[PDB]
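In what follows, a single structure is set out as structure tokens and then discussed.
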Amino acid sequence: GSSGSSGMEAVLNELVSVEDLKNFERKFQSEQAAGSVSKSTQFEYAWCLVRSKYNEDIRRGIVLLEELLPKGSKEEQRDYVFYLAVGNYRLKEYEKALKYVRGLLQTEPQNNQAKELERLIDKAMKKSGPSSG
């Protein structure tokens with residue numbers, strides 16, 4: 001009611017919009033034919049992808065995200081992992097999500113979003129998981 005923006009349950013809930021994705025997908029593409037896509041747009045579109053309601057995006061989103069991970073400085077990886085997990089989680093990739101939400105928490109303990117997620121994925125597993133065997 002009147003402006004939402006809960007915290008995390010809203011971030012995950014809300015997904016990217018074609019209108020936007022297109023806006024980014026355009027920069028990414030253009031930038032490409034421009035001479036070379038800049039990490040900037042890279043993380044953008046990527047984050048835009050993962051955000052997308054489609055899984056495919058998450059797939060073609062993580063890669064980039066995982067591409068900027070090592071191609072990141074420091075705090076840059078903080079904004080990355082955070083997503084890698086978001087996108088990973090979407091693929092019920094808790095194992096990874098956490099692995100990312102964990103290492104991200106190590107550097108970002110105060111980060112609530114990370115905290116929540118940790119629990120979110122935690123519940124996810126219980127809700128529905130692959131299980132071993």
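Using the authors' numbering, count along the sequence shown one by one with no gaps and you end on 133. The beta carbon of each residue, even a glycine, is placed where N, CA and C say it ideally should be.
Alpha-carbon to alpha-carbon, residue j and residue i
| i | j | result |
| --- | --- | --- |
| residue 86 | residue 34 | 30 Å |
| residue 109 | residue 116 | 11 Å |
| residue 15 | residue 52 | 5 Å |
| residue 49 | residue 3 | 24 Å |
| residue 56 | residue 75 | 27 Å |
| residue 79 | residue 121 | 18 Å |
| residue 59 | residue 111 | 25 Å |
| residue 105 | residue 22 | 32 Å |
| residue 127 | residue 92 | 11 Å |
Closest Cα partner of residue i within the set the options
| i | options | result |
| --- | --- | --- |
| residue 140 | 73, 131, 55 and 99 | As displayed, the chain neither begins before 1 nor continues past 133, which places residue 140 out of reach and without an answer. |
| residue 90 | 2, 3, 5 and 13 | 13 |
| residue 41 | 54, 64 and 58 | 64 |
| residue 46 | 10, 30, 67 and 36 | 67 |
| residue 113 | 29, 83 and 88 | 83 |
| residue 88 | 106, 71, 125 and 107 | 125 |
| residue 8 | 131, 129 and 118 | 118 |
| residue 130 | 98, 99 and 94 | 94 |
Three-way DSSP call (helix, strand, coil) for residue i in this model
| i | result |
| --- | --- |
| residue 100 | helix |
| residue 106 | helix |
Environment of residue i [buried if 16+ CB atoms lie within 10 Å]
| i | result |
| --- | --- |
| residue 123 | exposed |
| residue 101 | buried |
| residue 10 | exposed |
| residue 61 | buried |
| residue 32 | exposed |
Supposed close pair residue i, residue j - CB separation, criterion 8 Å
| i | j | result |
| --- | --- | --- |
| residue 28 | residue 37 | 6 Å |
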